[PDB]
Number of protein chains: 2
Amino acid sequence: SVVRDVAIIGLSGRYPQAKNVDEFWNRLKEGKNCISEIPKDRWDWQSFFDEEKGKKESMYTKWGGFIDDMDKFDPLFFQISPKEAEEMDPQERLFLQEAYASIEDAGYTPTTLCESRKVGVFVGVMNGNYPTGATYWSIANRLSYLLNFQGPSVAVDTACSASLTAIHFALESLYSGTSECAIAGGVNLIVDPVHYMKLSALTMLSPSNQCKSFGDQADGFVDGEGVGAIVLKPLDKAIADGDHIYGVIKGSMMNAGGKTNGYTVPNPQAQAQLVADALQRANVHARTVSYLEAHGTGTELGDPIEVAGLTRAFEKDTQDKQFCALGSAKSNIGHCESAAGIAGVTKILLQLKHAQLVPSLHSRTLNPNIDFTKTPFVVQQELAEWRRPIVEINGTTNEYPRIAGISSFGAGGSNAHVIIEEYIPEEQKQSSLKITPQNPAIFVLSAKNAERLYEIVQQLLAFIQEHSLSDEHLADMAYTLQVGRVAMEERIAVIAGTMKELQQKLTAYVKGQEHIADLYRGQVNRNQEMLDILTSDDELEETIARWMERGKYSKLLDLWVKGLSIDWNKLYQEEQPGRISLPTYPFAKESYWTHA
Amino acid sequence: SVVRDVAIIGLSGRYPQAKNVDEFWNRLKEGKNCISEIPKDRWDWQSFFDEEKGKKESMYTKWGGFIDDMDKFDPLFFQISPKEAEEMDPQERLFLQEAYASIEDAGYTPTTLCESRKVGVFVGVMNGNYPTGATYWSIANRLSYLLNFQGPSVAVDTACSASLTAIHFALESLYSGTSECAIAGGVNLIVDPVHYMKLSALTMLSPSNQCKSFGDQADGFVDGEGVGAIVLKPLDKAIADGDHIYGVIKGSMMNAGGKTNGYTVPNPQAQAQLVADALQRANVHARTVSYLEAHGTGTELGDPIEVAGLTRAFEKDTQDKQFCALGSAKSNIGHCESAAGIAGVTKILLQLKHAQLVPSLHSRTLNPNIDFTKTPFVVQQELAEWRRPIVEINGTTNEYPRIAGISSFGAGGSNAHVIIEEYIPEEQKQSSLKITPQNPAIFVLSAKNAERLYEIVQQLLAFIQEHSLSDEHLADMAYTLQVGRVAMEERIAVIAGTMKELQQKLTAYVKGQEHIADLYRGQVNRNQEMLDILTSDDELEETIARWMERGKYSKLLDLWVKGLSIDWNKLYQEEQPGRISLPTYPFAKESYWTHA
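Q: Please provide a residue-by-residue account of the packing of aromatic side chains, values included.
A: Enumeration according to the criterion identifies 44 aromatic pairs over all chains in this entry. Between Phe66(A) and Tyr196(A) the ring centres are 6.4 Å apart and the planes differ by 25°, which places this aromatic pair in the stacked class. One end of the pair, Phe66(A), is in the loop between β3 (63-64) and β4 (72-73); the other, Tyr196(A), is in helix α6 (residues 193-201), and 130 residues separate them in sequence. Taking the centre distance of 5.2 Å and the plane angle of 70° together, the rings of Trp43(B) and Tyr196(B) count as edge-to-face. Of this pair, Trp43(B) sits in the loop between β2 (36-37) and β3 (63-64) while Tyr196(B) sits in helix α6 (residues 193-201); the two residues are 153 residues apart in sequence, bridging distant segments of the chain. Note on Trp43(B): relative accessible area 5%, which makes it buried. Aromatic ring contacts, followed pair by pair, group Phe73(A), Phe77(A), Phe78(A), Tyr100(A), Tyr585(A) and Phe587(A) into a single cluster. Cation over ring: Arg491(B) sits above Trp560(B), and NZ or CZ is 4.6 Å from the ring centre. Its end group placed over the ring of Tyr108(B), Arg579(B) keeps NZ or CZ at 3.9 Å from the ring centre.

Structure representation (structure tokens):
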């Protein structure tokens, strides 16, 4: 059916020196170059190193954007055996955890995300060097199997544009109704020196630690790793359901460069057509675009082509110059290939959250072959407020939302572009769920075991501190932990009317205090038998309803922590609180690897 | 936008013991089991063989569905160097040639297929064992680059359903208008014994040479190779353009099985939802489906599940029993994994062309665990006429077109289903292009060199003989060779008013006769200079128009064969002939392989 607005309601990712998107924002805001030496536990670069570029079976760099804990996984969480974990491509392992985390971020469980089970999974991937082989389909299908998703489930390979292609497919599936919700994202890990040898034989890499996006002395990209997922849902339903919305996807396009002067040479005419078509589908005039996340790989051939393509697309709508900021996350984290698009989308969503534009690195001296004064763009150099632009169209002048475009181009010529707009809510703050000591909140936390649960409490305390959460967040925090976290075997529950009270009790738990007022601990594993026989009947589900109404929280929580299933939604007879981002499950960091 | 009817206008494929779809039909019609011994030039099966199923680093079969000439390619045709051909996965090489052939089959050149260049390329693939690595994106992107296609270009991996997934994406791209035409298909080649070792470790293969689809003694599939492509175009425009139409895609669906009892266990409830959703999208009542091309891999677990899923989907519309024929091409050629869907589609299109149902092999004794009398289906045992069914719906009784469904299921649970209906043309046979000795036809043939051109003539003579073409085909044959073949360097041209005359002159050419009446030979390579300077001006394009009108064919052909570009469409002032299938370019069969 027709293009319609899609909300991004959930987000997770792991990028070089950024184990979550909060850390990623800090790297971006601070202008950090997140490139490091090839870790010895991947391979010894000295064994393959030669300064001669293009030499065979060698490499001429010692650098990359590497994520931490690439080989770690929590297979027991998923009832996967250690042997099966060893045989799984880490791309599959890490995407599974990040996708699970993105759903928790959204504030849903796998069950409640979509009651019909029509959840689509779309993942971009392009390198398959793990010793058990390229098995791309399983990166998508493992997620769909474990979480009982029955929408489309697909791995797509358009080389470096793959995760932005994946988003395009996810959107087309939502438009046609084959998905009601979708997980979209991508992954790229560097698991074998042949990865670098291939790129070095084609002289695609920089020798340095700088991906010089639109900068002087451009000499190829720094290779990088990344894994990311977003949760997509039609905007109208996300608003109706009280979801938290990072941004609105207005439209997307995919195309290819066709015949250029040689295979893998990019085509500025085709890039221009792509962007123009994405803007048309989004019903967005180019003069209202105020940030552009470029592909921006820092090659001498590609960067000028990219600016030429964008300028030509924008000039269909406007001749105005240097009104739109331009940047590329690759300047920070390198080029993470099939995950580059999802990393760029993540950067846009973080800029939108903070209404700030971050530096694009290594372009203090601009590419001397690009005259930006003849273009719509200024390559962003410093942290700055992202302003809503005032634009005269149709001889009407108005302030527009923050709108960004993002491009991702694959080496073989497959291109994608997505238009993302800030979500501006309607100002409805009845706040009839005000959390006070007279109307306290119920905080529930659970994990597969006590070690993980302990880590959950630590991360929650830290998150509260880091983001300066207070009493006004208690309602949404408790709701999200109630309905947006799977209730696992090891449980605690806390009643609190203020944040300080919650912090006090949780800190007391972390400090080992055996008895804490209004804090209940227990395990499901113990009372499985009596559970089975009483919850079948609504007779008891009605009894819970009365306990909640009467406010017998101590009773409900003393039962909940032993395994009594409670439909926390019944707690909210009038209205509903909103879902918010909170820390996600702290998967065990256990190493698994195979043998070639 | 909305689902609308899509024509299949072009077709090509290579399958075990079937180097083209004409041969494939002969294997299907004759009930041939196309399975062979693992060729020694792939590997020596004795080196790895052990009768113990599930043993590691071994295999317990000596069989597969192998195509001929898997390592052959004509890189010079595409201006690819021998070294680059060696480094290309043969999956990429063979898909490139089959896709090129499918466009020739349709009767288009890469230029005229779609003047806007918005040709999408969608290809399914799932194994990447060639020594230079899994590079799936290039299977699609090489085609888009060489033929200047600028629509979406993507490799999709949903494991064994991948080529039917690819078709679904192609359709969704045509509906949304991101493609105006599309190439869709898939490929699977078996290039390394590890391919068999993996499948044997999972005990997925039969020990035998029989894929026993819905048959007794089912014990796994026979692994197979395949490569196929179809050309897709909106039906209304295919009719308007005079294309030849194999069938009408009415609708498709993709979904996933979700959580089953173990990873890769198929879900009959999800298969049923898939098929029901495909029929709903196609606006097809299940009682009007009269052939079903099943996934049909011949496993004891999967075959009963598949029939259960189909029965449940069909029972939403009808309780009638055993009205629909059921079969699987895997019974003939084995399971060619990511190419299985395109092989099954090809079988449906051949059955439609001949209005015949072919045997499904190795089910003379049916699976004793499937009671087909409780289902819509009868597993087809013998060659039979495919009858248009008479069906009472809405208390109205009518004869319906031949309609088939096809399923393809991937091991990880990604499913697809497509509904294909016979194309029934409106009876318009003005035949104002009647080819006579008074109104003779112009036959043009060309190739990169004389050896290839000689092969073109032989194959055309043979095709005329094989398909009993005669005078009534001359108009469409000449038109297709005029506008549906790239005019290459080595050319011949023939004027003929009857088929016998054409056969006579072409046979004389093959026999070495230096001088033949009304047959012109020449090369472009020779007269490049004078060509450049005269054709620029329409002044001369107008002069051609008069020569054609005046009928100076000898003059035009004597010039054409030396390189003069002629717009053969101007030959047809009133009306237009139709495009027809004729043999496609006989690519050089040169071997290329790398070193691991």
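Picking up where we left off.
Q: Quick one: what's the story with the sheet that holds strand β19 (residues 441-447) of chain B, residue by residue and with numbers?
A: All names here are of chain B. Pairing within the open sheet is antiparallel, and its three strands lie in the order β19-β20-β21. Among the strands making up the open sheet, the edge pair consists of β19 and β21 (519-523). Between one strand and the next, the sheet's axes are offset by a mean angle of 15°, whatever the strand orientation. On top of the sheet, helix α12 (residues 450-466) reaches β19 and β20 (490-496); it is set at about 135° to β19, its chief contact.

Q: Kindly report on the interface of chain A and chain B, identifying the contributing residues and their values.
A: On the side of chain B, 49 residues touch chain A, which itself brings 49 residues to the contact. Counting the surface lost from both chain A and chain B, the interface buries some 4000 Å², and carbon and sulfur atoms represent 54% of this. Sorting the residues of chain A by area buried against chain B places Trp137(A), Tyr145(A) and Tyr263(A) first, and these three jointly supply 21% of that buried surface. In this assembly, chain A and chain B are joined by 37 residue pairs in polar contact. Taken together, the elements giving at least two residues each to the side of chain A that touches chain B come down to α4 (136-146), β6 (153-157), α5 (162-176), β9 (247-256) and α8 (268-282) of chain A. Considering every element that reaches the side of chain A that touches chain B, the biggest residue donor is α4(A), with eight residues. Residues of the side of chain A that touches chain B, tallied by class, amount to 18 nonpolar, 24 polar and seven charged. Here β6(A) pairs with strand β6 (residues 153-157) of chain B via three bridges, running antiparallel. Bridge pairing in β6(B) links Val156(A) to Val156(B).

Q: Got a sec to walk through the pattern of salt bridges? Specific residues and values, please.
A: Applying the stated criterion across every chain, the model contains 58 salt bridges over all chains. Where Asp71(B) meets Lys72(B), a salt bridge forms, and the shortest distance between an N and an O atom there is 3.1 Å. The exposure class assigned to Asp71(B) is partly exposed, which follows from its relative accessible area of 21%. What emerges from the salt-bridge pattern is a single network uniting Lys233(A), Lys237(A), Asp241(A), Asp243(A) and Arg579(A).

Here is what the cut-offs are and how they apply
Residues numbered from 1 in each chain as written, not as in the entry; some residues may be left out. Chains lettered and ligands numbered in written order. Heavy atoms only, no water. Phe/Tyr/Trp six-rings, centres within 6.5 Å; stacked < 30°, edge-to-face > 60°. Helix = DSSP H or I, 4+ residues; strand = E, 2+ residues; numbered from the N terminus. Buried < 20%, exposed > 50% of the residue type's maximum accessible area, 1.4 Å probe, protein only. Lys NZ or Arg CZ within 6 Å of the ring centre and 35° of its normal. Pairing = 2+ DSSP bridges. Axes fitted to C-alpha atoms, helices over the stretch in contact; angles between N-to-C directions. Contact = heavy atoms within 4.5 Å. Buried area = accessible area lost by both parts, 1.4 Å probe. Polar contact = N/O pair within 3.5 Å; in protein donor to acceptor, adjacent residues only side chain to side chain. Nonpolar A, V, L, I, M, F, W, Y, C, P; charged D, E, K, R; others polar. Salt bridge = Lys/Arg side-chain N within 4 Å of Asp/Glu carboxyl O.

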